[PDB]
Each structure stands twice: as structure tokens, then as C-alpha cells.
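J.: Dumping the structure here so I can ask a few things about it.
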Protein chains: 2
Amino acid sequence: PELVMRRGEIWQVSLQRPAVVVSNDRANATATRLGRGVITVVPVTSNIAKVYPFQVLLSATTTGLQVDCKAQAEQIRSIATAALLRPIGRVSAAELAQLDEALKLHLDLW
Amino acid sequence: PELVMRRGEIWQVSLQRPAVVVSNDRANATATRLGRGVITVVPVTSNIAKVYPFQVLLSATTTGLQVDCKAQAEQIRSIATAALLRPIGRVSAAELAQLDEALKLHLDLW
């Protein structure tokens with residue numbers, strides 16, 4: 001019954017598309033305990049023709065995705081935990097640090 | 001025809017609810033020129049019973065809202081510019097700096 005979702009994990013979500021959890025893990029742990037709540041995710045796409053600085057290339061060899069993909073920080077959304085369908089994998093700590101920078105760039109956070 | 005939206009502005013948006021634009025103004029200026037694109041907003045609510053650190057109290061005397069409200073950074077969403085309905089007002093630069101901190105807290109950005 002405990003639905004555990006972690007920052008940096010890649011989940012299939014209903015917006016069905018993969019996405020990276022980017023809400024902090026204290027907020028995630030609260031949604032786990034309550035069995036409800038908002039998670040914030042960054043959608044992922046397999047079209048990597050142009051990777052902008054507000055997007056992060058995610059290698060297939062680590063993510064559980066079968067192709068190289070890019071996280072689109074400009075498409076960030078908050079969803080209900082009821083929209084979390086299944087976990088797919090995880091981005092590496094280096095990719096997540098890159099996603100931190102892409103999020104700060106997109107949101108004008110310096 | 002030029003639809004100009006700025007970071008820190010408060011707009012009525014279709015999710016109809018007020019929200020604070022938090023996407024950077026280079027991304028906003030691009031959506032203005034192209035006449036399409038994603039904007040990132042933080043929804044605002046008039047229930048200020050508990051203001052959590054990932055939320056920011058917005059005073060009525062500055063926002064064009066008639067009551068004190070709070071921006072909910074944990075409810076951040078990206079919307080199409082076609083979902084921007086009308087501008088309502090603007091948060092002060094001090095409130096926006098507070099919203100920057102609430103966004104960094106919610107997104108685990110240090």
C-alpha cells in the first residue's frame with residue numbers, strides 16, 4: 001500500500017508518458033504516508049534532435065528507457081500520486097545534477 | 001496580437017484560477033513571438049490558513065487580487081499560452097524573491 005516515489009526516479013505517468021520526479025523527497029515521503037498528494041515531474045521524450053539548455057539528455061544505459069531521451073524541464077507539471085502508474089528506472093546522480101541546472105535556468109533561479 | 005506575459009505577473013489561467021508566471025522571460029518572450037509555447041505558472045489560492053515554506057503569502061495591496069492569497073509552488077504547472085486568459089496584476093519583487101526560495105525548496109535546488 002505504501003507507494004514510494006523518489007526524486008530522480010523515472011515513472012510512467014498519466015498526463016501515458018515517462019517523467020522524472022523532481023519534487024523533493026520530504027514532499028514525496030509525505031504523499032507516500034498520506035496516500036495522496038501532489039508530485040512534481042519533468043516529462044521525457046525520445047526526440048533528441050535538439051537538446052536545449054533547459055533540457056537534459058538521459059542515456060538509455062541507466063534510465064530503464066530503451067532509447068536516449070531528454071527530460072524537458074520547460075514541461076514541468078504537478079500531478080496527483082493517483083497519476084503515478086509504474087516506475088521505469090532512475091537517472092544517474094550526474095544527470096540529476098544536470099536537471100537541477102536546467103530547472104534553475106528554466107525558472108530563472110540564480 | 002503580441003501576447004506579452006512576464007515573470008511575476010498574475011494571470012487568470014485555464015487549468016479558471018489565478019497563477020504567477022515563473023518561467024524565465026527569455027522563454028516567455030519566445031512564446032510571445034511565436035504565438036505559441038509553454039509557460040510555467042504557480043497557482044494561487046485564497047485559503048491562507050496555513051502557509052507552508054513552499055508557499056508564499058501574496059498581499060492584496062499589490063497583486064490585483066482582492067484578498068490575501070498564497071502562491072502554491074508545490075502545484076507548479078506548465079500550460080499553453082492559449083490557456084492564458086487575462087492578466088490580473090503582479091507580485092512585488094520581494095514576493096517574487098520569496099517565490100524563488102519556495103520554488104528552490106520544493107524542487108530540492110540548493
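We label chains A, B, ... in the order they appear in the C-alpha cells, count residues from 1 in each chain, and number ligands from 1 in the order shown.
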Can you list, as number ranges by chain, every residue of chain A that DSSP puts in alpha helix (DSSP H)?
T.: A: 25-34, 60-63, 93-106
J.: Hey, can you spit out that residue selection with C-alpha atoms as a CSV table (one decimal), in the first residue's frame?
T.:
chain,number,residue,atom,x,y,z
A,25,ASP,CA,11.8,13.7,-1.1
A,26,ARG,CA,10.3,15.2,2.0
A,27,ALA,CA,7.2,16.2,0.0
A,28,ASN,CA,7.4,12.8,-1.7
A,29,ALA,CA,7.6,11.0,1.6
A,30,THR,CA,4.5,12.9,2.8
A,31,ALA,CA,2.5,11.8,-0.2
A,32,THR,CA,3.6,8.3,0.5
A,33,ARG,CA,2.4,8.3,4.1
A,34,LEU,CA,-0.9,10.1,3.3
A,60,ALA,CA,19.4,4.7,-22.2
A,61,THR,CA,22.2,2.7,-20.4
A,62,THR,CA,21.0,4.0,-17.0
A,63,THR,CA,17.3,5.0,-17.2
A,93,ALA,CA,23.2,11.5,-10.0
A,94,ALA,CA,25.1,13.3,-12.7
A,95,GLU,CA,22.0,13.6,-14.9
A,96,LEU,CA,20.0,14.8,-11.9
A,97,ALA,CA,22.6,17.5,-11.2
A,98,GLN,CA,22.2,18.5,-14.8
A,99,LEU,CA,18.4,18.5,-14.4
A,100,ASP,CA,18.9,20.7,-11.3
A,101,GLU,CA,20.7,23.3,-13.5
A,102,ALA,CA,18.1,23.0,-16.3
A,103,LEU,CA,15.3,23.6,-13.7
A,104,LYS,CA,17.1,26.6,-12.3
A,105,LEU,CA,17.7,28.0,-15.8
A,106,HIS,CA,14.1,27.5,-16.8
J.: With a cut-off of 7 Å and counting only C-alpha atoms, select all residues of chain A in contact with chain B and give the selection as a CSV table (one decimal) with N, CA, C and O atoms, in the first residue's frame.
T.:
chain,number,residue,atom,x,y,z
A,22,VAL,N,10.9,15.3,-9.6
A,22,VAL,CA,11.8,16.4,-9.3
A,22,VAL,C,11.3,17.1,-8.0
A,22,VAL,O,12.0,18.0,-7.5
A,23,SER,N,10.1,16.8,-7.5
A,23,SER,CA,9.8,17.3,-6.2
A,23,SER,C,10.7,16.7,-5.1
A,23,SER,O,11.2,15.5,-5.3
A,24,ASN,N,11.0,17.4,-4.1
A,24,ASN,CA,11.9,17.0,-3.0
A,24,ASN,C,11.3,15.8,-2.3
A,24,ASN,O,10.1,15.5,-2.3
A,75,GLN,N,8.5,21.6,-19.5
A,75,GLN,CA,7.2,21.0,-19.5
A,75,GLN,C,6.9,20.5,-18.1
A,75,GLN,O,6.0,19.6,-18.0
A,76,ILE,N,7.5,21.1,-17.1
A,76,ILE,CA,7.3,20.6,-15.7
A,76,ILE,C,5.8,20.7,-15.3
A,76,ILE,O,5.1,21.7,-15.6
A,77,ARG,N,5.3,19.6,-14.6
A,77,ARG,CA,4.0,19.6,-14.2
A,77,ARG,C,3.9,19.0,-12.8
A,77,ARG,O,4.8,18.2,-12.4
A,78,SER,N,2.8,19.3,-12.0
A,78,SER,CA,2.5,18.7,-10.8
A,78,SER,C,1.3,17.8,-11.0
A,78,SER,O,0.3,18.2,-11.7
A,100,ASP,N,18.9,19.6,-12.3
A,100,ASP,CA,18.9,20.7,-11.3
A,100,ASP,C,19.2,22.1,-12.0
A,100,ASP,O,18.5,23.1,-11.8
A,106,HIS,N,15.4,27.3,-16.3
A,106,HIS,CA,14.1,27.5,-16.8
A,106,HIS,C,13.2,28.4,-15.9
A,106,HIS,O,12.4,29.2,-16.4
A,107,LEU,N,13.5,28.3,-14.6
A,107,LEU,CA,12.7,29.0,-13.6
A,107,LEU,C,13.3,30.3,-13.2
A,107,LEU,O,12.8,31.0,-12.3
A,108,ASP,N,14.4,30.7,-13.8
A,108,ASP,CA,15.1,32.0,-13.5
A,108,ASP,C,15.6,32.0,-12.1
A,108,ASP,O,15.6,33.1,-11.4
A,109,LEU,N,16.1,30.9,-11.6
A,109,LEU,CA,16.6,30.7,-10.2
A,109,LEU,C,18.1,30.8,-10.2
A,109,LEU,O,18.8,29.9,-10.8
J.: Quick check, in Å to one decimal: how far apart do CA of residue 57 in chain A and CA of residue 87 in chain A lie?
T.: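 Distance reported for this atom pair: 19.1 Å.
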J.: Using DSSP on the backbone coordinates, identify all residues within chain B classified as strand (DSSP E or B); present the result as a tab-separated table (two decimals) with N, CA, C and O atoms, in the first residue's frame.
T.:
chain	number	residue	atom	x	y	z
B	9	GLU	N	4.14	38.22	-13.04
B	9	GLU	CA	2.78	38.66	-13.31
B	9	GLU	C	1.77	37.62	-12.84
B	9	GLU	O	2.05	36.42	-12.84
B	10	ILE	N	0.59	38.09	-12.45
B	10	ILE	CA	-0.51	37.24	-12.04
B	10	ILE	C	-1.54	37.23	-13.16
B	10	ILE	O	-2.05	38.29	-13.55
B	11	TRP	N	-1.84	36.04	-13.67
B	11	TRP	CA	-2.77	35.86	-14.77
B	11	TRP	C	-3.89	34.92	-14.35
B	11	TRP	O	-3.68	33.99	-13.57
B	12	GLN	N	-5.09	35.18	-14.87
B	12	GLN	CA	-6.14	34.18	-14.85
B	12	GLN	C	-5.83	33.14	-15.92
B	12	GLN	O	-5.60	33.49	-17.08
B	13	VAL	N	-5.80	31.87	-15.54
B	13	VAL	CA	-5.39	30.80	-16.44
B	13	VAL	C	-6.41	29.68	-16.40
B	13	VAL	O	-7.14	29.49	-15.43
B	17	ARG	N	-8.34	29.93	-12.73
B	17	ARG	CA	-7.75	30.28	-11.44
B	17	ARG	C	-6.58	31.22	-11.67
B	17	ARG	O	-5.94	31.17	-12.73
B	18	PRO	N	-6.28	32.09	-10.72
B	18	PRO	CA	-5.09	32.95	-10.85
B	18	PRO	C	-3.82	32.15	-10.63
B	18	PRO	O	-3.80	31.14	-9.92
B	19	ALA	N	-2.74	32.61	-11.26
B	19	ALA	CA	-1.45	31.94	-11.14
B	19	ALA	C	-0.34	32.94	-11.43
B	19	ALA	O	-0.55	33.93	-12.13
B	20	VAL	N	0.83	32.67	-10.87
B	20	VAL	CA	2.01	33.51	-11.04
B	20	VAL	C	2.90	32.90	-12.12
B	20	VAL	O	3.25	31.72	-12.05
B	21	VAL	N	3.27	33.71	-13.11
B	21	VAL	CA	4.22	33.28	-14.12
B	21	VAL	C	5.61	33.16	-13.50
B	21	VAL	O	6.11	34.12	-12.91
B	38	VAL	N	4.88	26.92	-24.23
B	38	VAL	CA	4.57	26.60	-22.84
B	38	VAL	C	5.05	27.73	-21.94
B	38	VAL	O	6.16	28.25	-22.09
B	39	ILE	N	4.20	28.11	-21.00
B	39	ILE	CA	4.53	28.98	-19.88
B	39	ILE	C	4.41	28.15	-18.61
B	39	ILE	O	3.60	27.22	-18.54
B	40	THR	N	5.23	28.45	-17.62
B	40	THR	CA	5.17	27.76	-16.34
B	40	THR	C	4.60	28.71	-15.29
B	40	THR	O	5.05	29.85	-15.18
B	41	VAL	N	3.59	28.24	-14.56
B	41	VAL	CA	2.86	29.08	-13.62
B	41	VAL	C	2.77	28.39	-12.27
B	41	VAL	O	2.87	27.17	-12.15
B	42	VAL	N	2.56	29.21	-11.24
B	42	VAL	CA	2.34	28.74	-9.87
B	42	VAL	C	0.93	29.16	-9.45
B	42	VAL	O	0.65	30.36	-9.33
B	43	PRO	N	0.02	28.21	-9.22
B	43	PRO	CA	-1.36	28.58	-8.88
B	43	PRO	C	-1.44	29.30	-7.54
B	43	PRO	O	-0.61	29.11	-6.65
B	44	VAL	N	-2.48	30.11	-7.41
B	44	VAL	CA	-2.69	30.97	-6.25
B	44	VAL	C	-4.07	30.66	-5.67
B	44	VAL	O	-5.03	30.45	-6.42
B	45	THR	N	-4.16	30.61	-4.34
B	45	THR	CA	-5.41	30.31	-3.65
B	45	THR	C	-5.65	31.32	-2.54
B	45	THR	O	-4.71	31.90	-1.99
B	55	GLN	N	5.24	27.75	-0.03
B	55	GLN	CA	4.18	28.65	-0.45
B	55	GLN	C	4.52	30.05	0.02
B	55	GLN	O	5.29	30.24	0.96
B	56	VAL	N	3.96	31.05	-0.66
B	56	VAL	CA	4.31	32.45	-0.40
B	56	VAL	C	3.03	33.26	-0.25
B	56	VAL	O	2.19	33.28	-1.16
B	57	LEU	N	2.90	33.96	0.87
B	57	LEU	CA	1.77	34.86	1.08
B	57	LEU	C	1.88	36.06	0.15
B	57	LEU	O	2.91	36.74	0.11
B	58	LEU	N	0.81	36.33	-0.60
B	58	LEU	CA	0.76	37.44	-1.54
B	58	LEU	C	-0.25	38.47	-1.04
B	58	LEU	O	-1.45	38.17	-0.94
B	69	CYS	N	-3.65	36.13	-0.61
B	69	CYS	CA	-3.62	34.81	-1.22
B	69	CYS	C	-2.24	34.22	-1.01
B	69	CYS	O	-1.32	34.89	-0.54
B	70	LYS	N	-2.09	32.95	-1.36
B	70	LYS	CA	-0.78	32.32	-1.30
B	70	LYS	C	-0.50	31.62	-2.62
B	70	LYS	O	-1.37	30.94	-3.18
B	71	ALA	N	0.71	31.82	-3.13
B	71	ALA	CA	1.19	31.06	-4.27
B	71	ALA	C	1.64	29.69	-3.80
B	71	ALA	O	2.34	29.57	-2.79
B	72	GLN	N	1.22	28.65	-4.51
B	72	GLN	CA	1.48	27.27	-4.13
B	72	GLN	C	2.52	26.69	-5.09
B	72	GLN	O	2.17	26.16	-6.14
B	77	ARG	N	2.73	24.19	-12.62
B	77	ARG	CA	2.32	23.55	-13.86
B	77	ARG	C	2.85	24.34	-15.04
B	77	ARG	O	3.10	25.54	-14.96
B	78	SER	N	2.99	23.64	-16.17
B	78	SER	CA	3.26	24.26	-17.46
B	78	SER	C	1.99	24.22	-18.30
B	78	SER	O	1.34	23.17	-18.38
B	79	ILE	N	1.64	25.35	-18.90
B	79	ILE	CA	0.42	25.48	-19.68
B	79	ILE	C	0.77	26.08	-21.03
B	79	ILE	O	1.81	26.71	-21.21
B	80	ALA	N	-0.13	25.87	-21.99
B	80	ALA	CA	-0.02	26.55	-23.26
B	80	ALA	C	-0.37	28.03	-23.10
B	80	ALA	O	-1.17	28.40	-22.24
B	84	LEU	N	-3.56	31.09	-21.25
B	84	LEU	CA	-3.51	32.40	-20.61
B	84	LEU	C	-4.74	33.20	-21.02
B	84	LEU	O	-4.96	33.45	-22.21
B	85	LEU	N	-5.55	33.59	-20.03
B	85	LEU	CA	-6.83	34.25	-20.30
B	85	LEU	C	-6.71	35.76	-20.20
B	85	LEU	O	-6.98	36.47	-21.18
B	86	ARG	N	-6.30	36.28	-19.05
B	86	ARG	CA	-6.19	37.72	-18.87
B	86	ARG	C	-5.22	38.00	-17.73
B	86	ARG	O	-5.12	37.20	-16.80
B	87	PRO	N	-4.49	39.11	-17.78
B	87	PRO	CA	-3.64	39.49	-16.66
B	87	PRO	C	-4.46	40.15	-15.55
B	87	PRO	O	-5.42	40.87	-15.80
B	88	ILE	N	-4.04	39.88	-14.32
B	88	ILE	CA	-4.71	40.40	-13.14
B	88	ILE	C	-3.86	41.43	-12.41
B	88	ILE	O	-4.37	42.45	-11.94
B	89	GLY	N	-2.56	41.18	-12.31
B	89	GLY	CA	-1.66	42.08	-11.63
B	89	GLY	C	-0.24	41.55	-11.58
B	89	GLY	O	0.21	40.88	-12.52
B	90	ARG	N	0.46	41.82	-10.49
B	90	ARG	CA	1.86	41.46	-10.37
B	90	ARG	C	2.22	41.31	-8.90
B	90	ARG	O	1.71	42.06	-8.06
J.: Rounded to one decimal place, report the CA of residue 8 in chain B-CA of residue 92 in chain B distance in Å.
T.: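 For CA of residue 8 in chain B relative to CA of residue 92 in chain B, the distance reads 7.7 Å.
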